[PDB]
């Protein structure tokens, strides 16, 4: 965190298209490729997006991403209960000489049984 800015929380109902933003600067997002991943802390990340907008193998086509200037966005179409997780953005930062990270966005899916 703190290099990239992500909202702390995001929520939606089943079937909605929800977007998660990630904002940076010329030295990170502006010049280098963005990655998106889901992670439970202390476990290896599940990669969702690489090279700004490409889907790796095995990832659902409900996911998409874009990058414009110093901002990046992750879109989830057809929100499903299984989508509840913590989402992070990352990119190489020329100022750090290593990767920079967002703080993570907890996505909550409403309308599930209690």
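Numbering follows the first chain given and starts at 1.
Mean CA temperature factor is higher for 71 to 79 when stretches 46 to 54 and 71 to 79 are set side by side in the entry. Relative to one another, 84 to 92 and 24 to 32 have unequal mean CA B-factors, and 24 to 32 is the one with the higher figure. Sort the chain's modelled residues by C-alpha temperature factor and residue 66 lands in the middle third, per the entry. Split the chain's modelled residues into thirds by C-alpha temperature factor. Residue 6 is in the middle one.
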